[PDB]
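Student: below you'll find the sequence and an experimental structure to go with it.
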Amino acid sequence: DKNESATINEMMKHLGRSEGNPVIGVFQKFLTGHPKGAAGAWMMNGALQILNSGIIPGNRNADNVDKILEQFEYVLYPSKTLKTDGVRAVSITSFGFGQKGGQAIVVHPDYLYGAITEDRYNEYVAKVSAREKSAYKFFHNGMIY
Amino acid sequence: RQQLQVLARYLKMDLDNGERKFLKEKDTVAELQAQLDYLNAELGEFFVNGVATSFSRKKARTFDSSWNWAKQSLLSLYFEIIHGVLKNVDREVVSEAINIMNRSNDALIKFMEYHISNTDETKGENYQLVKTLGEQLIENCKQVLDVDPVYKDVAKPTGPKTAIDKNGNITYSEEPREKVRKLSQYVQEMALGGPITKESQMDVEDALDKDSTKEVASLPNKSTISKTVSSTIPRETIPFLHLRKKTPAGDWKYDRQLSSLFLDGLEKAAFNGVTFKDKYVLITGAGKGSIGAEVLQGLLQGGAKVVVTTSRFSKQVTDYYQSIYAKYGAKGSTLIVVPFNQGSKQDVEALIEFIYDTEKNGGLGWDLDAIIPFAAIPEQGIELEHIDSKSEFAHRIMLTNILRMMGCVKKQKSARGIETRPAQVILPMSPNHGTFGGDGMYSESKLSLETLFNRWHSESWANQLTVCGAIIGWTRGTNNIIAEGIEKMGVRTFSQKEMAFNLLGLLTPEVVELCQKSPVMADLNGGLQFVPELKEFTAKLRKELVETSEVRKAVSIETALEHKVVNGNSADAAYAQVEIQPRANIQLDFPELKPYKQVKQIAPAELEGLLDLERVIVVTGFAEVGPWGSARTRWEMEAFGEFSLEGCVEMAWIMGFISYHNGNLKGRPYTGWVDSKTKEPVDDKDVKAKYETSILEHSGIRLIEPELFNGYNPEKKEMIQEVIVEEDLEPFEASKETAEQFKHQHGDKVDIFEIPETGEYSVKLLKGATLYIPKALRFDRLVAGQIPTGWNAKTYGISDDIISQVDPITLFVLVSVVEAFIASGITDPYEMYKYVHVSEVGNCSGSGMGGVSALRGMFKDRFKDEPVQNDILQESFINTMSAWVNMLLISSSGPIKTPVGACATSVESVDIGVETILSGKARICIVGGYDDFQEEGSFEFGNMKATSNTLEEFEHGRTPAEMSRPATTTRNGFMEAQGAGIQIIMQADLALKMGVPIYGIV
Amino acid sequence: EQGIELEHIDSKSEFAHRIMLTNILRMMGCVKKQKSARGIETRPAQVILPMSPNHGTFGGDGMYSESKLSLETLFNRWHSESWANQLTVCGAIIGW
Amino acid sequence: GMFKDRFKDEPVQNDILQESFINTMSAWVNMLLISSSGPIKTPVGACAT
Amino acid sequence: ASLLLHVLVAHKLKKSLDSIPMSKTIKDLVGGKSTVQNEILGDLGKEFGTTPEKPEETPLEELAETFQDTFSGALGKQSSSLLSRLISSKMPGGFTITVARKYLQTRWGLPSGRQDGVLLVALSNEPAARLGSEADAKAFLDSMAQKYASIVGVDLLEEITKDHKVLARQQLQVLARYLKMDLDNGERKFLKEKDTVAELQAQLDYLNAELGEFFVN
Amino acid sequence: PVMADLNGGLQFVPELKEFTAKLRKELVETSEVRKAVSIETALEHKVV
């Protein structure tokens, strides 16, 4: 936890993160435990769900943030859920045994649709809508039966 | 039997010695059991049981980090105004302003500064508000920096309101007082008294419930007053709050001077607030919903360092205090929660020792400045002849041990030469000594306390403690129905925030020094003293109310039946309305697509057609199998903390509690949920009441359920030890094939011989041979994050043949690959092959170890000659999970690169996935990670000292749900779990063409 | 109890407080039940309470002052509860 | 050593778990020889890794 | 405290106590592997009880100083586990920690705490296989007590009846077997009452802790 | 309920604790000086 904070802090510090704008860190291992190889994926899910909901869940087991971590002025450790007016990008980072480090940056979907024609976008919304209906169909079938 | 005896004789061995010793212990048992029986006879169950110990040093929880909760506190007020939960009228924005100012950093400022200066006022009306308020707040914080934190209550003052229905429904509300708005106005009200206090023994218009931002700008400004509230006190009138002075005659009458000192203090505290910086306080009885917790909030707001005691020390209660601290924890404040039983002598002693003992020795290193012994037990319906075990115990908590507690801190201070730092003791006194019915022994406890007003002088602890007796008045909180009525006589009842303000006012420097000169007595009883025959008067109000309710409700229930008689029950039956009850509509929760007009506003117009969408990697679906269900239920619990209807119904389904049914249920036809155990019907709206309590107990991070792991029991871990047989074993029967396998192994050290009649052999292990004798080991890791109990690949629809053939981890993976395609609206995988070539759908999912279960069958279950499959080797491989996925579901000839990244295979998998698509090798591929939890896995992680020690976690008061706390002071090692999670990634261009959902951009 | 100040109150004083207060209550309570269980509504027993004029006036009473001051609640309990026909309270303030 | 040598209570290291991992070979390579902060993608391909 | 701290740190590192200078520190003896620093640290806790403030830096002769103050003739929890483990897997059939001391005392004249030194020196030199002969196990205890001899600086018929009594004892057992009579049931029951006693005695102890002698009596 | 003051006016003597204590000190001192002076004038006699 200390290392990771330090390292996230520094990548923000080096790149010019505005003083006063920390990254809001989530720590979902508090709820799920740590499933060695499944870790990154679970966090990748929660990241997608965060992007599309604007809700940043709270580390509900943060009774008290380690005083050491005060030095990392680019990190904010919430104990409660914040329903924001939007999240633009999440940063999933994970560290494994044997010097296995890794980061992933997930950007909000709506930035993609900016790079496409209106007629095309509209055509897409059409297909997606029809799928959703047919998938809701499928899902309640296979649940029930 | 005789051959035995004589032999024993020769051997000189006493065959009867066991029974001798046994019979003697049996005696000493009824003996002890006897004394215990008696002590119980004398003290009673309640006393003997209730007097057990509760305090341990390791269970103490300390709260420090105001520095962090302040950024949160503000970033929350901020989104809340933007979302219009707080509008500029609500007093909450003023309260929260006060708490933000109470934590000015050079750092908190740069926080608000960034966030406020970066809001687009343009965006909406709500956005201007946040920005204006924000800037105002930023200003104030700049001023309060380097300035003492203050306790200031801004809450809207309330009073009692009872109303009885026209149908005898008795209802109680707490209304705002017509003529009272500020705590400022409350002090004035107090000083004027009422007409009921006869003999003797300023307008500062508030922007209050009109414009919060304006009031917030006021906060930092110190109120100057010349018209001291004391001077409003009429001649020949005793204020509703007053101090008292002991006459040489010996009585405690009202002293106008002292009462002016006190009331003026209260006024000054309403306008400026009071600081409690540098004050160290012990407070017992401050549970939720009590005068305690309101006093505690106060102390913390003023920057006090406080120890709170709790009797019912729980996660539920730990969570309460973290909440309370993160809201009121001022700069320089600190809360310490310990479990405690004021009924135990040993706890009293243990507690205030832990308080005084140097940090090195495991202590707190403190020295108390205030003690507030409000701890108690409710005795009711106990009259003289009912006083027993409970009341005697109650009297112990409420008097004898309070004495013991003051006495304890006296010894500490004295043993340290601490002669110039008295601790103030706020005695919770009562105005009604056995005035009302059956107190039990309450009146007795509360009257005894009053001897300290003399003991202070007559004994020798006067420099260690000072006594401050508060006579607590009528206080309403979570029998208030008569509050409005008692008040109707010119007497005041109080809200808890009011009494807390009153009590807190005795901690102001002014009345503190007063105490140091000679014991202070404070009448915080709003004139109730004067209402005559208070018991009977009280009782009358209650009777008149209750009667009025019951006649009114009985008359209406009869006029209502008279109607059904005179006017038919079929004319009234078509006049009731029909309630509709909700059913669960689980949803796939695809993402929202805005109107294109709004879409093009997000990203720069230049972006249109700039990007090769064949090289934008996008996430199309995802799912998980884990401790908290699926991606749906887990997100629900993570983001909201409770399940919806769709939450429970899905959890109840995955966990196996309810099963769908459509057919005839004992005659009548049914279509819906059925309890799978009983086969009785269940309504969606009932699933919560019926199952959640248990659903919650059996998912998440909980104790390891051995049923879920082939019997792995951390407490009783199986192992064999090697031993050499010291003398020839007795022969046992065995097959020829088997006997030969033994002789092959042992040679000179075993004899096998054919039993000519049966054809089988006898096996006799000689001396010198090697034997494996099983034994058991107690292990430290008792908790894991396990898939909810009752999960079953069978219910997701997986064939029994696969269940058998495959390693559990493959089941996790299979179920999520399915659920992830569903999340992407791909219902038949082969639909990919409408858009893509067989060779361009890939699988880059990976595992850390995975196959951990087949590994064991190969290394251990073989070693025991236990039946194990001939291809467990297949299922141990990290990459046969992806193989079964392709062999059962996908049928691709795409890439198959499988990552071992240990605790990070899941991110590395995405890297590998992204690259494979960016090289043209695949256009769609499956990415993710998976791993299982098994016996040998958990043990070796424990051996690396990597996982949290559950025995130690317990020693610290940690529930299983609380043993995973990242970034925490007390983080202690990781919590292990099981499961899988995959996502589907794709070319942005393909996604658009297929028309699947797009959840994000990798 | 003598030479016992606040911080000395322990096993002895707690026991002493039991004899000198809690069990006196228990005793009045007991005869109340007897009388009542017999319909004895017209024969009160008079209780001469041994009261004190000096509540922790002097040095280390132990817990004596506390026991002797508690007794004084019976002057109100008599009225507020329901043993008034079984007991009457007569508080004597014993002098030097 | 982890599955069998433990089961016999035979003396076995406290981090045999380390060395069983498919990707700790590459880790010792980097820790003893190379010292890189480059990519570390480790394949399980069975007979064709 | 030197011989006990040495045997334990030379064991967790698997190199003879000559390879280890008590001059060095635990940080240097490890090299970098902090799992093995965490092990040597936690092992010394179960052993001496008192953790000095810099276990990982304070050198070995300087740690044996601090530990010697508070310890005396205690073979320790962690060392007592290591010696009964060395006796169980490496000593020939029947050769107990019991028998190995009665040999160290009979044939090499060693008292209680002196045979504690010979067992600790044999723990650092533990055979990587179980000894075969009881004479091989006797010869092993010989050279181990002479490696103790120059590390401490010191230099160096009823059995007929015993064979018969064994016989009778067995004649007893088999007879009891036939009789289906449980010879050990006395001690079973006894041990269970002995438990419930410390149990009650415990609660009584506490009630006295809370109420005090005067009150309880 | 009846309350009987059987305390013969002690109620009125002010600072009763300290007053009480003084009487005791004055007595005890007067005793000990008087007995110590006599025990010394008595040894002076055996000397002279």
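Tutor: Thanks, I have it. Numbers count the residues shown, from 1 in each chain, chains lettered A, B, ... in the order given.
Student: check contacts around residue B:609.
Tutor: Going by Cβ atoms under 8 Å, 6 or more residues apart in numbering or on different chains, residue B:609 touches A:115-117. Yep, even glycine has a C-beta here, placed from its N, CA and C like the rest.
Student: got phi/psi on it?
Tutor: For residue B:609, the backbone dihedrals (degrees, to the nearest 10) come out as phi 80, psi 10.
Student: any idea how far it is from chain D?
Tutor: Residue B:609 is 32 Å from chain D, where distance means Cβ to the nearest Cβ, to the nearest Å.
Student: could you find the closest non-adjacent residue to residue B:520?
Tutor: Excluding the flanking residues, the one nearest residue B:520 by Cβ to Cβ, 6 or more residues apart in numbering or on different chains is residue B:468, at 5.0 Å.
Student: the longest helix in chain E is where?
Tutor: helix E:185-211 (DSSP state H).
Student: could you do chain B as well?
Tutor: helix B:534-566.
Student: that one: how far from the chain's middle?
Tutor: Centroid separation for helix B:534-566 versus its chain: 42 Å, with Cα atoms, centre = their mean, to the nearest Å.
Student: equivalent analysis for stretch B:254-267, please.
Tutor: From the chain centre to the centre of stretch B:254-267 is a distance of 42 Å (Cα atoms, centre = their mean).
Student: other residues contacting it?
Tutor: Contacts to stretch B:254-267, defined as Cβ under 8 Å, 6+ apart, come from residues B:184, B:187-188, B:190-191, B:200-201, B:225, B:228-231, B:233, B:238-239, B:241-245, B:501-502, B:505-506, B:508, B:510-511, B:514, B:520, B:522-523.
Student: in helices only, show me the residues you listed.
Tutor: Using DSSP H, the members of these that fall within helices are B:184, B:187-188, B:190-191, B:501-502, B:510-511, B:514.
Student: please see if the longest helix of chain B touches chain F.
Tutor: No - applying Cβ under 8 Å from any Cβ of the partner chain, one finds helix B:534-566 separated from chain F by no less than 15.1 Å.
Student: please name every helix or strand in contact with the helix or strand that comes right after that helix.
Tutor: Remark: after helix B:534-566, the chain's next helix or strand is helix B:596-602, criterion DSSP states H and E. Under the contact definition 3 or more Cβ pairs under 8 Å, 6 or more residues apart in numbering or on different chains; DSSP states H and E, helix B:596-602 sits against helix A:110-113, helix A:118-144.
Student: closest to residue B:107 out of the ones in helices among the contacts of stretch B:254-267?
Tutor: Using Cβ to Cβ, residue B:501 comes nearest to residue B:107 of the ones in helices among the contacts of stretch B:254-267, at 31.4 Å.
Student: OK, contacts around the closest one?
Tutor: Per Cβ under 8 Å, 6+ apart, neighbours of residue B:501: B:153, B:183, B:186, B:266, B:269, B:298.
Student: please, which helix or strand holds the most centrally placed residue in chain E?
Tutor: Centroid check for chain E by Cα atoms, centre = their mean gives residue E:80 as the closest residue, at 2.4 Å. Using DSSP H and E, residue E:80 sits in helix E:77-90.
Student: list the buried residues for that helix?
Tutor: Judged by neighbour count using 16 or more other Cβ atoms under 10 Å in any protein chain shown, the buried positions of helix E:77-90 are E:78-80, E:82-83, E:86-90.
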